[PDB]
Every structure is written in structure tokens, then in C-alpha cells.
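J.: My structure is stored as work.cif, with mmCIF, C-alpha atoms.
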```cif
data_work
loop_
_atom_site.label_atom_id
_atom_site.label_comp_id
_atom_site.auth_asym_id
_atom_site.auth_seq_id
_atom_site.Cartn_x
_atom_site.Cartn_y
_atom_site.Cartn_z
CA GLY T 1009 22.37 -50.46 27.84
CA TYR T 1010 22.79 -47.51 30.20
CA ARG T 1011 19.92 -44.99 29.97
CA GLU T 1012 22.69 -42.35 29.87
CA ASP T 1013 24.48 -43.48 26.71
CA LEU T 1014 21.08 -43.31 25.03
CA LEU T 1015 20.69 -39.65 25.92
CA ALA T 1016 24.29 -38.94 24.82
CA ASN T 1017 24.70 -36.34 22.04
CA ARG T 1018 21.53 -34.26 21.88
CA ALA T 1019 23.09 -30.82 21.31
CA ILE T 1020 21.16 -29.57 18.27
CA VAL T 1021 21.02 -26.12 16.69
CA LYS T 1022 18.68 -24.21 14.34
CA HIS T 1023 20.05 -20.64 14.58
CA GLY T 1024 17.36 -18.04 15.15
CA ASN T 1025 14.86 -20.81 15.79
CA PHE T 1026 16.14 -22.91 18.63
CA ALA T 1027 19.12 -24.72 20.10
CA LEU T 1028 19.50 -27.49 22.65
CA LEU T 1029 22.77 -27.18 24.52
CA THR T 1030 24.25 -29.48 27.12
CA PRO T 1031 26.71 -27.21 29.05
CA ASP T 1032 28.34 -30.39 30.32
CA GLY T 1033 29.58 -31.39 26.88
CA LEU T 1034 30.95 -27.90 26.34
CA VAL T 1035 34.37 -26.34 26.57
CA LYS T 1036 34.69 -23.85 29.40
CA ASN T 1037 34.99 -20.12 28.73
CA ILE T 1038 37.82 -18.07 30.23
CA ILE T 1039 36.12 -14.80 31.09
CA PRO T 1040 38.16 -11.99 32.66
CA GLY T 1041 36.96 -11.27 36.19
CA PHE T 1042 35.87 -14.83 36.87
CA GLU T 1043 38.23 -16.55 39.31
CA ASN T 1044 38.31 -20.12 40.58
CA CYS T 1045 35.19 -21.27 38.71
CA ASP T 1046 34.15 -22.83 35.40
CA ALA T 1047 32.14 -20.42 33.26
CA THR T 1048 30.26 -21.59 30.24
CA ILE T 1049 28.56 -19.08 27.97
CA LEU T 1050 25.16 -20.16 26.58
CA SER T 1051 22.96 -17.90 24.48
CA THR T 1052 24.63 -14.97 22.67
CA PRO T 1053 23.63 -12.63 19.82
CA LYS T 1054 25.62 -14.86 17.49
CA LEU T 1055 22.98 -17.44 18.27
CA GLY T 1056 20.27 -14.88 17.63
CA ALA T 1057 19.54 -13.96 21.24
CA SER T 1058 19.30 -10.36 22.36
CA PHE T 1059 20.99 -11.30 25.63
CA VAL T 1060 23.90 -13.35 26.91
CA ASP T 1061 23.40 -15.90 29.64
CA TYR T 1062 25.76 -18.19 31.53
CA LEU T 1063 26.10 -21.25 33.68
CA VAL T 1064 28.86 -20.95 36.24
CA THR T 1065 30.00 -23.46 38.82
CA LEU T 1066 31.88 -21.72 41.62
CA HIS T 1067 34.76 -23.50 43.27
CA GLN T 1068 36.27 -22.35 46.57
CA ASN T 1069 36.45 -18.56 46.36
CA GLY T 1070 35.04 -18.77 42.88
CA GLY T 1071 33.03 -15.84 41.65
CA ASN T 1072 33.55 -12.35 40.32
CA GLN T 1073 34.89 -9.68 42.61
CA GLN T 1074 35.47 -7.29 39.74
CA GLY T 1075 31.85 -6.46 39.03
CA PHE T 1076 29.64 -8.24 36.52
CA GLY T 1077 27.27 -5.62 35.13
CA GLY T 1078 28.12 -2.68 32.86
CA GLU T 1079 26.69 0.65 31.67
CA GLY T 1080 23.16 0.36 30.31
CA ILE T 1081 23.34 -3.35 31.11
CA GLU T 1082 20.91 -5.11 33.46
CA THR T 1083 21.79 -8.46 35.06
CA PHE T 1084 20.21 -11.37 36.87
CA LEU T 1085 21.70 -14.15 38.98
CA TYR T 1086 20.09 -17.37 40.20
CA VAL T 1087 21.59 -19.81 42.66
CA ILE T 1088 21.01 -23.23 41.18
CA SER T 1089 22.57 -24.82 44.26
CA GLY T 1090 24.93 -24.10 47.14
CA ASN T 1091 25.50 -20.78 48.84
CA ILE T 1092 27.03 -17.59 47.60
CA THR T 1093 27.49 -14.01 48.70
CA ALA T 1094 26.42 -11.39 46.21
CA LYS T 1095 27.00 -7.68 46.40
CA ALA T 1096 25.41 -4.73 44.60
CA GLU T 1097 24.30 -1.16 45.28
CA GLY T 1098 26.23 -1.21 48.54
CA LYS T 1099 24.23 -4.09 49.99
CA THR T 1100 25.10 -7.73 50.63
CA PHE T 1101 22.99 -10.82 50.01
CA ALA T 1102 23.48 -14.32 51.37
CA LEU T 1103 21.96 -16.41 48.62
CA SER T 1104 21.16 -20.08 49.10
CA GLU T 1105 19.53 -22.42 46.60
CA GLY T 1106 16.73 -20.60 44.83
CA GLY T 1107 18.24 -17.29 45.88
CA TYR T 1108 18.20 -14.65 43.16
CA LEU T 1109 19.44 -11.14 42.49
CA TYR T 1110 18.45 -8.64 39.80
CA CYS T 1111 20.45 -5.47 39.15
CA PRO T 1112 19.17 -2.48 37.16
CA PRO T 1113 21.49 -0.94 34.54
CA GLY T 1114 24.78 0.33 35.90
CA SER T 1115 24.69 -1.40 39.27
CA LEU T 1116 27.65 -3.75 38.93
CA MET T 1117 27.24 -7.06 40.74
CA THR T 1118 29.89 -9.12 42.51
CA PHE T 1119 29.55 -12.60 43.92
CA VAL T 1120 31.59 -15.33 45.47
CA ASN T 1121 31.10 -18.83 46.66
CA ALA T 1122 30.19 -18.70 50.34
CA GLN T 1123 30.80 -22.37 51.09
CA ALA T 1124 33.52 -25.00 50.83
CA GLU T 1125 31.87 -27.18 48.20
CA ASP T 1126 31.07 -25.90 44.73
CA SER T 1127 28.16 -23.52 44.37
CA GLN T 1128 26.45 -23.40 40.98
CA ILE T 1129 25.06 -20.22 39.44
CA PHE T 1130 22.96 -19.14 36.43
CA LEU T 1131 23.82 -15.72 34.97
CA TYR T 1132 22.04 -13.45 32.56
CA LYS T 1133 22.55 -10.01 31.08
CA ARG T 1134 20.96 -7.84 28.39
CA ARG T 1135 20.99 -4.23 27.26
CA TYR T 1136 18.22 -2.44 29.14
CA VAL T 1137 15.62 -0.41 27.26
CA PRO T 1138 14.51 2.79 29.02
CA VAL T 1139 11.05 4.25 28.65
CA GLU T 1140 9.81 7.76 29.57
CA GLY T 1141 8.68 7.99 33.17
CA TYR T 1142 9.99 4.65 34.42
CA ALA T 1143 13.02 2.88 35.83
CA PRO T 1144 13.75 -0.61 37.21
CA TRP T 1145 15.37 -1.40 40.56
CA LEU T 1146 17.41 -3.94 42.50
CA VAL T 1147 15.38 -7.00 43.44
CA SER T 1148 16.55 -9.96 45.50
CA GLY T 1149 15.04 -12.92 47.33
CA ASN T 1150 14.51 -16.66 47.17
CA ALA T 1151 12.22 -18.66 44.93
CA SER T 1152 10.82 -20.24 48.07
CA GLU T 1153 9.32 -16.88 49.13
CA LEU T 1154 7.74 -16.29 45.70
CA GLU T 1155 4.04 -16.49 44.87
CA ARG T 1156 2.91 -19.90 43.65
CA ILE T 1157 0.83 -19.17 40.55
CA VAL T 1165 2.01 -26.96 37.42
CA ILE T 1166 3.35 -23.84 39.13
CA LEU T 1167 4.44 -20.59 37.51
CA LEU T 1168 6.82 -18.23 39.28
CA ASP T 1169 7.44 -14.59 38.41
CA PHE T 1170 10.80 -13.32 39.64
CA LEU T 1171 10.50 -9.64 38.79
CA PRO T 1172 7.95 -6.82 39.04
CA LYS T 1173 5.59 -6.47 36.06
CA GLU T 1174 5.83 -2.65 35.97
CA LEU T 1175 6.99 -1.03 32.74
CA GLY T 1176 10.07 -0.02 34.68
CA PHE T 1177 11.13 -3.56 33.90
CA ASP T 1178 11.75 -4.66 30.32
CA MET T 1179 12.20 -8.35 31.14
CA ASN T 1180 11.34 -11.09 33.59
CA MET T 1181 12.61 -14.49 34.74
CA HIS T 1182 10.25 -17.40 35.36
CA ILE T 1183 10.42 -20.92 36.75
CA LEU T 1184 7.97 -23.61 35.62
CA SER T 1185 7.47 -26.77 37.68
CA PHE T 1186 5.65 -30.03 36.85
CA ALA T 1187 4.91 -32.58 39.57
CA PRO T 1188 5.28 -36.24 38.48
CA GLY T 1189 1.62 -37.28 38.30
CA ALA T 1190 0.98 -34.08 36.36
CA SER T 1191 -1.57 -34.04 33.54
CA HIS T 1192 -0.51 -30.63 32.23
CA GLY T 1193 2.28 -29.69 29.85
CA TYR T 1194 4.03 -26.58 28.54
CA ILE T 1195 3.30 -25.02 25.13
CA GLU T 1196 3.67 -21.56 23.57
CA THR T 1197 4.32 -19.47 20.45
CA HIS T 1198 6.11 -16.13 20.66
CA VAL T 1199 7.87 -13.18 19.04
CA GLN T 1200 10.02 -13.05 22.19
CA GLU T 1201 13.06 -15.29 22.64
CA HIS T 1202 13.52 -17.56 25.63
CA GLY T 1203 16.51 -19.06 27.38
CA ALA T 1204 15.72 -22.03 29.57
CA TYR T 1205 17.92 -24.04 31.88
CA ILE T 1206 16.39 -27.27 33.18
CA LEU T 1207 16.64 -27.04 36.96
CA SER T 1208 15.45 -30.52 37.82
CA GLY T 1209 13.55 -33.59 36.83
CA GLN T 1210 13.25 -34.91 33.32
CA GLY T 1211 10.77 -34.28 30.56
CA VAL T 1212 10.26 -34.13 26.83
CA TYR T 1213 10.23 -30.99 24.72
CA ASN T 1214 8.85 -30.38 21.26
CA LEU T 1215 10.91 -27.67 19.61
CA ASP T 1216 10.85 -27.70 15.81
CA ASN T 1217 8.19 -30.39 15.65
CA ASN T 1218 10.65 -32.94 16.99
CA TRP T 1219 10.56 -34.52 20.41
CA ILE T 1220 13.77 -34.24 22.38
CA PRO T 1221 14.28 -35.75 25.78
CA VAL T 1222 15.29 -32.93 28.09
CA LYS T 1223 16.77 -33.13 31.55
CA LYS T 1224 18.37 -31.42 34.51
CA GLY T 1225 21.44 -29.56 33.28
CA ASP T 1226 20.19 -29.01 29.73
CA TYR T 1227 19.82 -25.53 28.26
CA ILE T 1228 17.43 -24.50 25.54
CA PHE T 1229 17.35 -21.44 23.33
CA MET T 1230 13.89 -20.78 21.90
CA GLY T 1231 14.25 -18.13 19.21
CA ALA T 1232 11.83 -15.42 18.10
CA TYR T 1233 8.78 -16.80 16.28
CA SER T 1234 9.03 -20.42 17.41
CA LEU T 1235 6.61 -22.97 18.91
CA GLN T 1236 7.48 -24.73 22.16
CA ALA T 1237 5.95 -27.60 24.11
CA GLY T 1238 7.03 -29.98 26.85
CA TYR T 1239 5.82 -32.17 29.69
CA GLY T 1240 7.04 -33.70 32.94
CA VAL T 1241 7.98 -37.36 33.09
CA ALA T 1246 9.62 -32.76 39.55
CA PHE T 1247 10.28 -31.32 36.07
CA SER T 1248 11.24 -27.65 36.56
CA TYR T 1249 13.17 -25.08 34.55
CA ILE T 1250 14.04 -21.39 34.78
CA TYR T 1251 13.74 -19.11 31.78
CA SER T 1252 14.06 -15.52 30.63
CA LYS T 1253 11.61 -13.41 28.65
CA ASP T 1254 11.81 -9.80 27.44
CA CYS T 1255 8.62 -7.76 27.86
CA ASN T 1256 6.79 -4.46 28.28
CA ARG T 1257 8.45 -2.85 25.26
CA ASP T 1258 7.44 -1.81 21.75
CA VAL T 1259 9.67 -2.85 18.88
CA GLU T 1260 11.89 -0.05 17.67
CA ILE T 1261 12.63 0.25 14.01
#
```
Translate this file's structure into C-alpha cells.
T.:
Amino acid sequence: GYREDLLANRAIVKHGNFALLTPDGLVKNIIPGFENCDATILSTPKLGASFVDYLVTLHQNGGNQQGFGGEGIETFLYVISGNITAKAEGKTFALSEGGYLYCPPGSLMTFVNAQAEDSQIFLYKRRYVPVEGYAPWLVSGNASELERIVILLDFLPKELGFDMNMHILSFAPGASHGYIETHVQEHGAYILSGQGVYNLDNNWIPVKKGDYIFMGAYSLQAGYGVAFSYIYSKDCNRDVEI
């Protein structure tokens, strides 16, 4: 049989713990402000996340010219593929694959497909948490130009001004290393490329390009290549308010 039919139907959920979503096999979301593009909402508080993230494929002139952000809301955009034109804080950014844009609270973001063919984007937003004597700021660039800490990438500054960060993990084929972790902090991962196997709630699940995974608070993760790379969020630098 076709390797594909085998991997058909993997969308599993364990609210608050984890969820494997396959945005493909999902109904599109009609979100005001988004024109000529298919938007599909992923993690949301109703799933337990303290953020909302999206996967959006932009058709010709697809994007959001209305302004994505919101008051007290910070956002982050990542060009999965194609070319778009983002705008924020009066500036303009020509983002190509790997191009990213972070906006501090308040600085609405707009973006549109900059090419003829479809451009695919990954969106993320959360309610920013201010701390005395600090503040975040607009950050933009391309993954290519990022440090190369297997390879870990840190998209945002580590300063307390920031209360979150986006990362990309890559695993070359002949790799002998794998991913693992336990955490109080949630995670939202979108598999950028390759194919691998994850171990969420003690069960192995083949994972692949296009898949999305919600790792809830207080969960154990693990995965390995089989180039396997994925982008993922992570809140940080903050105490827990009660």
C-alpha cells in the first residue's frame, strides 16, 4: 500500500497534555481581516494554550491589510515558504522563506503575499506580560542569518524585555541525536520539513512536514529525525502570577 494511507488519520488530542493536529485535514477558519488566503487556527486557550497560533497559506494578494496585532498583544510571523511583504511600526519587510517578524504589544502587523504563487505563513500571538524596567521591541530577519547553536535556533532576544521566544530545531539524516524535554511551559510546534517520530504521552507517533503539535504544561516530549526540522514557541522570563 501507499505509505501515505498508512499515515492517514493521526490527529489525536489529550487536552492540557498534548494534541497532534494535521492542518491539512482541517476545516478552514474565516477570520475577519484575512483576504484571499486559507487560515487555519491551531492552538487556542480552549485547547489549554496561553496563546493562539495559525497556519495561513496566502493566495494572490492574500494576507491581512487590516492589522493583525492588538492592544497588549504581541505577535510573531514566520515565512514557511514563498515571499511576502510585512509592515509594522512604519517599516516594511520583504520576507522570503525563513523570514520572520516579531511585533511588541500594540504594534499592529500587516502582511500580504508578494508573489504570484501561494506563500505560506505561520502566525502566533499571546498576551504580553510586562515587568518593571523592561520592554520588548520589533525584531525581524531571516533564519538563515541566525546563529547556529542537531542545530538550535533562537529567534528572539533573551532579555527580560521579552516574555517568549521562538525556536527551530533541525536534525540531519545521519543524526545520532534526538529531542526530549519536560516542562511547565507549553509548546506549539509546526513541522517545517523532513520526517521523524515523536513520543508524546508515551506513545510513538510518526510526525512529518505539515504536522502541528501542542505540548501542554507539565508534559514529556521526545523525537528523532528519520532534514527533520520544526519551529516552536515557548514562553519564558516570567514568574507565575497567582
J.: Can you spell out as a ChimeraX atom specification the set of residues that the PyMOL selection byres ((chain T and resi 1228) around 6) selects in the structure I just provided?
T.: /T:1027-1028,1203-1204,1227,1229
J.: Once the PyMOL selection byres ((chain T and resi 1230-1250) around 6) has been applied to the shown file, what residues remain in the selection, as a PyMOL selection string?
T.: chain T and resi 1024-1026+1182-1188+1193-1202+1204-1215+1229+1251
J.: Selected residues, C-alpha atoms, written as a PDB file, in the frame of the given file, please.
T.:
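In the end it all went to again-v1.pdb:
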```
ATOM      1  CA  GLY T1024      17.360 -18.040  15.150  1.00  0.00           C
ATOM      2  CA  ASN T1025      14.860 -20.810  15.790  1.00  0.00           C
ATOM      3  CA  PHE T1026      16.140 -22.910  18.630  1.00  0.00           C
ATOM      4  CA  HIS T1182      10.250 -17.400  35.360  1.00  0.00           C
ATOM      5  CA  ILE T1183      10.420 -20.920  36.750  1.00  0.00           C
ATOM      6  CA  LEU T1184       7.970 -23.610  35.620  1.00  0.00           C
ATOM      7  CA  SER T1185       7.470 -26.770  37.680  1.00  0.00           C
ATOM      8  CA  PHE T1186       5.650 -30.030  36.850  1.00  0.00           C
ATOM      9  CA  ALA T1187       4.910 -32.580  39.570  1.00  0.00           C
ATOM     10  CA  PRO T1188       5.280 -36.240  38.480  1.00  0.00           C
ATOM     11  CA  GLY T1193       2.280 -29.690  29.850  1.00  0.00           C
ATOM     12  CA  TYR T1194       4.030 -26.580  28.540  1.00  0.00           C
ATOM     13  CA  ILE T1195       3.300 -25.020  25.130  1.00  0.00           C
ATOM     14  CA  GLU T1196       3.670 -21.560  23.570  1.00  0.00           C
ATOM     15  CA  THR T1197       4.320 -19.470  20.450  1.00  0.00           C
ATOM     16  CA  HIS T1198       6.110 -16.130  20.660  1.00  0.00           C
ATOM     17  CA  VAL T1199       7.870 -13.180  19.040  1.00  0.00           C
ATOM     18  CA  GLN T1200      10.020 -13.050  22.190  1.00  0.00           C
ATOM     19  CA  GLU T1201      13.060 -15.290  22.640  1.00  0.00           C
ATOM     20  CA  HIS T1202      13.520 -17.560  25.630  1.00  0.00           C
ATOM     21  CA  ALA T1204      15.720 -22.030  29.570  1.00  0.00           C
ATOM     22  CA  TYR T1205      17.920 -24.040  31.880  1.00  0.00           C
ATOM     23  CA  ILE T1206      16.390 -27.270  33.180  1.00  0.00           C
ATOM     24  CA  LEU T1207      16.640 -27.040  36.960  1.00  0.00           C
ATOM     25  CA  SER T1208      15.450 -30.520  37.820  1.00  0.00           C
ATOM     26  CA  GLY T1209      13.550 -33.590  36.830  1.00  0.00           C
ATOM     27  CA  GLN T1210      13.250 -34.910  33.320  1.00  0.00           C
ATOM     28  CA  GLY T1211      10.770 -34.280  30.560  1.00  0.00           C
ATOM     29  CA  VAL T1212      10.260 -34.130  26.830  1.00  0.00           C
ATOM     30  CA  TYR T1213      10.230 -30.990  24.720  1.00  0.00           C
ATOM     31  CA  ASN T1214       8.850 -30.380  21.260  1.00  0.00           C
ATOM     32  CA  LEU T1215      10.910 -27.670  19.610  1.00  0.00           C
ATOM     33  CA  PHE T1229      17.350 -21.440  23.330  1.00  0.00           C
ATOM     34  CA  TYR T1251      13.740 -19.110  31.780  1.00  0.00           C
TER      35      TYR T1251
END
```
J.: Report the closest atom pair, with its distance in Å rounded to one decimal, for each residue of segment 1107-1223 of chain T that has an atom no farther than 9 Å from segment 1059-1075 of chain T; count all atoms listed in the file, sort by chain and then rising residue number, and write it as JSON lines.
T.:
```
{"residue": "T:1115", "atom": "CA", "partner": "T:1075", "partner_atom": "CA", "distance": 8.8}
{"residue": "T:1116", "atom": "CA", "partner": "T:1075", "partner_atom": "CA", "distance": 5.0}
{"residue": "T:1117", "atom": "CA", "partner": "T:1075", "partner_atom": "CA", "distance": 5.0}
{"residue": "T:1118", "atom": "CA", "partner": "T:1075", "partner_atom": "CA", "distance": 4.8}
{"residue": "T:1119", "atom": "CA", "partner": "T:1071", "partner_atom": "CA", "distance": 5.3}
{"residue": "T:1120", "atom": "CA", "partner": "T:1071", "partner_atom": "CA", "distance": 4.1}
{"residue": "T:1121", "atom": "CA", "partner": "T:1069", "partner_atom": "CA", "distance": 5.4}
{"residue": "T:1122", "atom": "CA", "partner": "T:1069", "partner_atom": "CA", "distance": 7.4}
{"residue": "T:1123", "atom": "CA", "partner": "T:1068", "partner_atom": "CA", "distance": 7.1}
{"residue": "T:1124", "atom": "CA", "partner": "T:1068", "partner_atom": "CA", "distance": 5.7}
{"residue": "T:1125", "atom": "CA", "partner": "T:1068", "partner_atom": "CA", "distance": 6.7}
{"residue": "T:1126", "atom": "CA", "partner": "T:1067", "partner_atom": "CA", "distance": 4.6}
{"residue": "T:1127", "atom": "CA", "partner": "T:1066", "partner_atom": "CA", "distance": 5.0}
{"residue": "T:1128", "atom": "CA", "partner": "T:1065", "partner_atom": "CA", "distance": 4.2}
{"residue": "T:1129", "atom": "CA", "partner": "T:1064", "partner_atom": "CA", "distance": 5.0}
{"residue": "T:1130", "atom": "CA", "partner": "T:1063", "partner_atom": "CA", "distance": 4.7}
{"residue": "T:1131", "atom": "CA", "partner": "T:1062", "partner_atom": "CA", "distance": 4.7}
{"residue": "T:1132", "atom": "CA", "partner": "T:1061", "partner_atom": "CA", "distance": 4.0}
{"residue": "T:1133", "atom": "CA", "partner": "T:1060", "partner_atom": "CA", "distance": 5.5}
{"residue": "T:1134", "atom": "CA", "partner": "T:1059", "partner_atom": "CA", "distance": 4.4}
{"residue": "T:1135", "atom": "CA", "partner": "T:1059", "partner_atom": "CA", "distance": 7.3}
{"residue": "T:1203", "atom": "CA", "partner": "T:1061", "partner_atom": "CA", "distance": 7.9}
{"residue": "T:1205", "atom": "CA", "partner": "T:1063", "partner_atom": "CA", "distance": 8.8}
```
J.: Please, what distance in Å, to one decimal, runs between atom CA of residue 1082 of chain T and atom CA of residue 1111 of chain T?
T.: 5.7 Å
J.: I need the residue nearest residue 1114 of chain T from this list: T:1136, T:1142, T:1086, T:1219. Use only C-alpha atoms for the distance.
T.: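 Among T:1136, T:1142, T:1086, T:1219, it is T:1136 that comes nearest to residue 1114 of chain T.
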J.: Once you count all atoms listed in the file, which residues end up no further than 6 Å from (17.5, -15.5, 43.1) in the file's frame, shown as a list in words?
T.: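 Collected hits near the coordinates: residues 1086, 1087, 1106, 1107, 1108, 1109, 1149 and 1150 of chain T.
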J.: Record the distance separating atom CA of residue 1166 of chain T and atom CA of residue 1256 of chain T, expressed in Å with one decimal.
T.: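 Between atom CA of residue 1166 of chain T and atom CA of residue 1256 of chain T the gap is 22.5 Å.
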